[PDB]
Amino acid sequence: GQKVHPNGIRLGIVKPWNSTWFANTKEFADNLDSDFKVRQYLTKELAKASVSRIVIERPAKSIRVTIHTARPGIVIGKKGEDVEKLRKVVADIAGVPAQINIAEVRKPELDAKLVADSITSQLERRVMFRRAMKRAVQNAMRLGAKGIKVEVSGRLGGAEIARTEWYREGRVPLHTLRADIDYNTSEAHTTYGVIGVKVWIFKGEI
Amino acid sequence: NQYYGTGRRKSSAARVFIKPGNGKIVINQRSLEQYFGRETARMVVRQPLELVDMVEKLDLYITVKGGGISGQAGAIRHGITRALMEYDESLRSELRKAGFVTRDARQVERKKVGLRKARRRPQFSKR
Amino acid sequence: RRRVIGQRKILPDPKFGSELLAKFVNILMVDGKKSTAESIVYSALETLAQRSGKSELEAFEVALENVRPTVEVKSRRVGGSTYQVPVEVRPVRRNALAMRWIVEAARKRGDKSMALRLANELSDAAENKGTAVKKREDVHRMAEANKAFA
Amino acid sequence: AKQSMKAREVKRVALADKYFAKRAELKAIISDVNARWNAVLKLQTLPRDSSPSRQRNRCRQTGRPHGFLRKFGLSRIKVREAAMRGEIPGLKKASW
Amino acid sequence: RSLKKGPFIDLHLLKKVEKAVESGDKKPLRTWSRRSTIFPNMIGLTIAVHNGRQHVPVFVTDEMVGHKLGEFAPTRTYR
Amino acid sequence: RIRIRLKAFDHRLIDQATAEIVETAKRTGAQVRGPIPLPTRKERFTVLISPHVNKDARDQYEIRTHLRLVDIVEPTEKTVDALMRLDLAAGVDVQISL
RNA sequence: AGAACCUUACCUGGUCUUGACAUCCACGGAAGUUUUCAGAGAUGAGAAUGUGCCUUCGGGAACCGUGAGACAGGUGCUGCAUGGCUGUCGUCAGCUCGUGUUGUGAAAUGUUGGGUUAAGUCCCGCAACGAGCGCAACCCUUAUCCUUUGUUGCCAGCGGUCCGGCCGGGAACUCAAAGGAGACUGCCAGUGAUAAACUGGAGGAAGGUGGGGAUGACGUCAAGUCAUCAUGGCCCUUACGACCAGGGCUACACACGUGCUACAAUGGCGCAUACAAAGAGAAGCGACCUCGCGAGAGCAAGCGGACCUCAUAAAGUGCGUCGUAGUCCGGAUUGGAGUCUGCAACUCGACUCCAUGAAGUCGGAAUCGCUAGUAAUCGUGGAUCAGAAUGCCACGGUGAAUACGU
RNA sequence: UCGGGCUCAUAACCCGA
RNA sequence: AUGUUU
Ligand SMILES: [Mg+2]
Ligand SMILES: [Mg+2]
Ligand SMILES: [Mg+2]
Ligand SMILES: [Mg+2]
Ligand SMILES: [Mg+2]
Ligand SMILES: [Mg+2]
Ligand SMILES: [Mg+2]
Ligand SMILES: [Mg+2]
Ligand SMILES: [Mg+2]
Ligand SMILES: [Mg+2]
Ligand SMILES: [Mg+2]
Ligand SMILES: [Mg+2]
Ligand SMILES: [Mg+2]
Ligand SMILES: [Mg+2]
Ligand SMILES: [Mg+2]
Ligand SMILES: [Mg+2]
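Residues numbered from 1 in each chain as written, not as in the entry; some residues may be left out. Chains lettered and ligands numbered in written order. Part of a larger assembly, values for the part shown. Heavy atoms only, no water.

Per the PDB record, the structure was determined using X-ray crystallography to 3.220 Å resolution.

## Points about the packing of helix 5 (residues 91–106) of chain C against helix 7 (residues 131–142) of chain C
All names here are of chain C. The contact between helix 5 and helix 7 brings their axes to 7 Å, and the two run at 140 degrees. The orientation of helix 5 relative to helix 7 falls into the category oblique. Along the contact surface, helix 5 presents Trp101, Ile102 and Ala105, while helix 7 presents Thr131, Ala132, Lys135 and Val139. The residue makeup of the contact of helix 5 with helix 7, split by class, is five nonpolar, one polar and one charged. (Axes fitted to C-alpha atoms, helices over the stretch in contact; angles between N-to-C directions. Helix = DSSP H or I, 4+ residues; strand = E, 2+ residues; numbered from the N terminus. Parallel < 35°, antiparallel > 145°, perpendicular 65-115°, else oblique. Contact = heavy atoms within 4.5 Å. Nonpolar A, V, L, I, M, F, W, Y, C, P; charged D, E, K, R; others polar.)

## A look at the sheet that holds strand 2 (residues 44–47) of chain F
Overall, antiparallel pairing links the three strands, which are arranged 1(D)-3(F)-2(F) in an open sheet. Every other strand in the sheet has two partners, leaving strand 1 (92–93) of chain D together with strand 2 of chain F as the edge strands with one partner each. The pairing of strand 1 of chain D with strand 3 (residues 59–62) of chain F spans two bridges and is antiparallel. Note on strand 3 of chain F: the bridge partner recorded for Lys92 of chain D is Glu62 of chain F. Against the sheet, helix 4 (residues 76–85) of chain D engages strand 2 and strand 3 of chain F, with an angle of about 60 degrees to strand 3 of chain F. (Pairing = 2+ DSSP bridges.)

## Looking at the pattern of salt bridges
Following the criterion strictly, the structure yields 30 salt bridges over all chains and no others. The shortest N-O distance in the salt bridge between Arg109 of chain C and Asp111 of chain C comes to 3.8 Å. Taking the relative accessible area as the measure of exposure, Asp111 of chain C reaches 41% and is therefore partly exposed. Put simply, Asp59 of chain F and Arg80 of chain D hold a salt bridge, and the shortest N to O gap is 2.9 Å. Pair noted here: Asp59 of chain F is in strand 3 and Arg80 of chain D is in helix 4, and the two residues belong to different chains. In this structure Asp59 of chain F comes out as buried when scored by relative accessible area, which is 11%. Take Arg80 of chain D: its relative accessible area is 14%, and that puts it in the buried class. Salt bridges sharing common partners tie together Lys15, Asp180, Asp182 and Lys203 of chain A. (Salt bridge = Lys/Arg side-chain N within 4 Å of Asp/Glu carboxyl O. Buried < 20%, exposed > 50% of the residue type's maximum accessible area, 1.4 Å probe, protein only.)

## So, the protein's contact with RNA strand G
By nearness alone, 175 residues border RNA strand G, and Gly154 and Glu160 of chain A, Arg15 of chain B together with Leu28 and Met114 of chain C come closest of all. Counting only the atoms of RNA strand G within 4 Å of the protein, the fraction contributed by sugar and phosphate is 74%. Between RNA strand G and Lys112 of chain B, the relevant distance is 3.2 Å, taken from a phosphate oxygen to a main-chain nitrogen or oxygen of the residue. When residues of the surface near RNA strand G are traced back to their parent elements, those giving at least two are helix 1 (69–82) of chain B, helix 1 (19–26), helix 2 (34–41) and helix 6 (114–124) of chain C, helix 1 (3–14) and helix 4 of chain D together with strand 2 of chain F. No other element matches the seven residues that helix 1 of chain D contributes to the surface near RNA strand G. (Near = heavy atom within 4 Å. Polar contact = N/O pair within 3.5 Å; in protein donor to acceptor, adjacent residues only side chain to side chain.)

## Focus: the packing of aromatic side chains
Residue and element names in this part refer to chain B. Across all of its chains, the model carries ten aromatic pairs over all chains by this definition. Here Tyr35 and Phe36 contribute two aromatic rings whose centre-to-centre distance is 4.2 Å and whose plane-to-plane angle is 5 degrees, an arrangement assigned as stacked. The class for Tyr35 is partly exposed, based on a relative accessible area of 34%. Classification of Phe36 as buried rests on a relative accessible area of 13%. (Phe/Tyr/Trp six-rings, centres within 6.5 Å; stacked < 30°, edge-to-face > 60°.)

## Observations concerning unusual backbone geometry
Despite not being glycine, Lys61 of chain A shows a phi value in the positive range, around 45 degrees. In this fold, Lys61 of chain A is placed in the loop between strand 1 (51–55) and strand 2 (66–69).

## A short note on the sheet that holds strand 6 (residues 198–202) of chain A
All names here are of chain A. Strands sit in the order 4-3-6-5 across an open sheet of four strands; the sheet is antiparallel. Two strands close off the open sheet at either side, each with one partner strand: strand 4 (168–170) and strand 5 (181–185). If you compare each strand with its neighbour and ignore which way they point, the axes differ by 10 degrees on average. As paired elements, strand 5 and strand 6 share five bridges and run antiparallel to each other. Across the sheet, residue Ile181 finds its bridge partner in strand 6, namely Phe202.

## Let's talk about the interface of chain A and chain D
Between chain A and chain D, the residue contacts involve 24 residues of the former and 19 residues of the latter. Counting the surface lost from both chain A and chain D, the interface buries some 1,900 Å², and carbon and sulfur atoms represent 59% of this. Taken together, the connections running from chain A to chain D amount to one salt bridge. For the salt bridge of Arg39 of chain A with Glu87 of chain D, the shortest nitrogen-to-oxygen distance reads 3.7 Å. Scanning the region where chain A abuts chain D turns up five residue pairs in polar contact. Top element by residues in the side of chain A that touches chain D is helix 1 (residues 27–46) of chain A. It accounts for seven residues. (Buried area = accessible area lost by both parts, 1.4 Å probe.)

## Here's the deal with the pairing of strand 1 of chain A
All names here are of chain A. In terms of burial, strand 1 is largely enclosed, as four of its five residues are buried. Relative to strand 2, strand 1 runs antiparallel, the two sharing four bridges. Along strand 2, the bridge assignment pairs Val55 with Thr66.

## Section: the environment of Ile54 of chain A
Residue and element names in this part refer to chain A. Note that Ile54 resides in strand 1. Assessed through its relative accessible area of 10%, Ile54 is described here as buried. Note: C-alpha distance between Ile54 and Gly77 (23 residues apart in sequence) is 19 Å. Apart from residues lying up to four places away in sequence, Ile54 is in contact with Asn18, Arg39, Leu42 and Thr66.

## Things to note about empty space enclosed by the protein
Empty space within the largest cavity amounts to approximately 190 Å³. Along the wall of the largest cavity there are 17 residues; nearest its centre are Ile38, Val58, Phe59, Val60 and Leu69 of chain E. (1 Å grid on protein atoms, 1.4 Å probe; cavity = no way out; pocket = protein on both sides within 12 Å on 5 of 7 lines; lining within 4 Å. Points joined across faces, edges and corners; volume = space filled by probe spheres on them.)

Listed below in structure tokens is the structure:
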């Protein structure tokens, strides 16, 4: 692996975590599972909800959470109906009566996972990866972006040999610490294989 | 007056107690030779004093804390020097000339995950 | 390779005052136990006293003069063949060469303690004899016998 | 991993939450010098598939019975992989 | 063997050995616990220690105690 | 008296935390030992990256756990809950016992 | 980063067939409880006991057993179907692209060149003009100084003192640790195109990317991993599925790689003694005192921790000595006796006790590492972890030689 | 002949028996 | 010297 994870070494500066609270060898253990468990069921349903990130905290014997959805409306449904239903899922998969809430995400076409899960589906939707990623994905540039790019995986199309497509605009110097770039992936299970996605969204340096 | 001398280097940290007159030293409830003495050329403590004398002039009673042998006493060296400014903040330009004011920037080296000792690596015969 | 350096000097003699002398204590020093080196390079002269007499300071260098070379050869490949072109060594490494070969034999004496295993060679030079002094002229053999080179 | 194996292990866990959960000492005191018989030590055929030393870990997330971390619960792959995203508070790549 | 104070044994056998010892004898007793310390009561009893395939009928003399049926029974192969 | 051992994976839950924690009970003034820094318990964690062989790689981490002392001396019942009741904290950890 | 069982996939045997793990339909029964017998267990058949949530009373919620299937299960094969991840040259200074232009074209130019730099570093020049990824920065950490905070940390002037930072007390000091100060060819001289840059200087803790981290370009080896996990296809379906007991991965007539310990007096053993850094911990670290030659066992406090336990650093230092002996070296091997971690240590565990004391006297052809707090040597802690580190990760003590030159 | 080394690997070459 | 192997 030449390039490492541009998001990994960023939790320190210019990039926030995803589960800020506290825990020791005792709780940290059960805690690591919790944050996982939830994000699992929550996502599956919040799929069509257009998610960007799922923050998770914990004040005391209860989790906070912050569903970062580009459209929490669907997460509501009959006004409270949908939300409420899931609001119970956590309280049971967390072991304690945890709170809940969200924070809609505008400009979703300029978000890693969001854009990632976007171009990954078009595949099964019968589209031309190239003509798509170089268009219905680079759109972020339009939004006065500073730099962005996406690097697909192998088994592209009906090919029997894995590969990787280029296509990129702006500048994505995944070496500058202050730079800050949004990274994410999505293993869009292709009808005949399992292609991957890699979105690099750099929005301003420091 | 109750002067002060950092004397803190190589994992060590001393406290040069420069008292008025009396060139006697008593580090850690004991004198120079009454401790680390007779093990190394630690007598290098007077080395700095070799530019303006001492004894009745000033005092070099110290007391180091933490660090290794040559480090503790060695720390005082780089400390006593700067610990003489309260007697002449302009005489400092007579200590660094013999390696003193400059803290011993040299320390241990972090062992790198992959090397026997952060520099040397295992052999590779079948290479 | 493409850079140049000066030298790495250190704290000289503990009292007799002698920078280069330190080398005799370092070069001989092993396992980084200089604390013991001073116990051998110093106690050595304290034994040669009655042995020789005159200041142990000179005593050392005295016989040392009959151990330091002044001309060596360095392998240089040319057209397949690697000549042994000679070359007169400057004082800098000269004195060093001696100390190396000197301390070596001393540790090959194969008797009891090094304090004595060291003095022996320290004096064996002047009087001429031992492995140490051997190399001295032994090097001269290869020397000039190749003068047809340099 | 392997669901078939994962479950097989799950059994080795619940048993402790039963027999060892307390009755483990119900015979222990009668095992060490606390006079003292041997009957209990003899008819000792209760902890079979159950033992406080036969439970493995396996990456919580996945299930690899190797490369485990107590402070966490997953194995090198998941842990690192997760930490990268930030599913672990205060876990930046160390570098003194 | 090494069992400080109070050697280990498998009841499974104890309830089979002496259980059949009282009433004379019969056919060889198919053991299985090679990790069991030989009992001085099962003296020359017609048994057989499992070797991972079958059982080998062996007897202990007045000199084997701390040993286990495993000792007097091969479990590998060589030569 | 009442102690308050702090511990968090960042200053966020300490900086603007310990501070208010001090100027809470004593709306005007009071004893209380006061906030303090203290060392830092660090637990370095190293793990192998690439799956199967390649044990020569690895990737190390460290959960920097910060702390603070504080500890109140005079248990002014008029300011006691002025700190306890006012126990917000964005998910930290501050012990309290004597 | 931990194979006695377990793990564990492999084997010999015992045993099962909508399943060990899922959802679901229907039936009976709250779930369960402790025991009995027989079995190696996997189980099988019982003996009593337990009698939860609701019900417009059927029904249902969990759940237990069984019946039946749709299904489920597979560390099974393809790493040339793949994701994700990683090694590799290589921390190399490279790799490109848009526009213009040259050529029929493939391509070229830039990016070449003159200096210069660790560097496609910087300047100069030039049919080139610009730009993207990369080297140089921001991240860490260390070297200084300041700010503040002073408890468990500190102890200087003051007294107290059972003389113990032990009391009060003092916030001075080290220290801790959040915010900063700082280094930038920034300034001086020479050289140099009066270019860049280089070489000396001052000042400074620190000079010319300060030192060490992390960071690994476009890519190549169809490089490695379907066994972490995911997944295209393919394959098994009273089974390549599943459960249990024993065995094996700890074989051996050999060979190689990485290691540990010695062959010794810069040493061994007996005495006393001198000093670090970083981490560890409630099924935890476990002091104290008693007994034990000993491992350790008993008693039991303290600390969830700058409060206690791990913790009693080792080299080093000064003495008794032994005298170059295969020994006062070295410790393999083995016999008998024990401790413990554990259902359980024969197969296959770590330690202790006494007895035994190996080869080995510095190692062929050849071959490796290391440019400084490095090499070298000496100790210390962590991870995994019931209990078996000459391994890995990390910490400091001490502490070199040598570098013309390609 | 065999065992080891040298090379990416053979032979050759070097070492040992 | 060769490698579909002096
Ligand atoms: Mg070191
Ligand atoms: Mg599976
Ligand atoms: Mg285990
Ligand atoms: Mg096994
Ligand atoms: Mg299926
Ligand atoms: Mg491949
Ligand atoms: Mg393969
Ligand atoms: Mg192939
Ligand atoms: Mg550039
Ligand atoms: Mg960089
Ligand atoms: Mg499969
Ligand atoms: Mg093995
Ligand atoms: Mg431990
Ligand atoms: Mg260990
Ligand atoms: Mg041929
Ligand atoms: Mg042929």
